[PDB]
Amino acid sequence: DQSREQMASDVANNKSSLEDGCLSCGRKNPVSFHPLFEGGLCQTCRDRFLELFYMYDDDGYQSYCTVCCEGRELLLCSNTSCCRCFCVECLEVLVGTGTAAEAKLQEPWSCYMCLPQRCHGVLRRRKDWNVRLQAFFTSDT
């Protein structure tokens, strides 16, 4: 089974497209797409987002990583219009080693949806993220 470290390395070296790996778990030939970041989304990782219990914590931050839906070791966007979260693992594997530690020291921290810069490592916000999100909500499938 393709690790996320292997997927990130192949993407950076133009061996695979982001679209042919699950951005969340690393597996090959996912059925669907992550709507916010360049990358596929497998059926299992897509169902995690749909099947969350509480989507927010008691402080009004999201209870889940925007990329992989993990709830542990979340970095919290300081933009009160956003309140999205990214996990340590996604920062380490998609942006690069040390990103998580650097981000935990930033005061305030702005997430990868809020940053003007579109790409960091193989974490690339979609140019068409808004239309992609509309497409993601359109399908029953």
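One-based numbering along the sequence shown.
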Assert higher mean C-alpha B factor (95 to 103 or 71 to 79, deposited values) equals 95 to 103
Average Cα temperature factor in the PDB entry - higher stretch of 104 to 112, 29 to 37:
104 to 112
Chain-wide C-alpha B factor ranking for residue 120, given as lowest, middle or highest third:
middle
Split the chain's modelled residues into thirds by Cα B-factor; is residue 19 in the lowest, middle or highest one?
middle
So, residue 52's CA B-factor, relative to its chain, sits in which third? The lowest
Would you mind ranking residue 88 by its C-alpha B-factor against the rest of the chain and naming the third, lowest, middle or highest?
highest
B-factor third for the C-alpha atom of residue 138 within its chain
middle
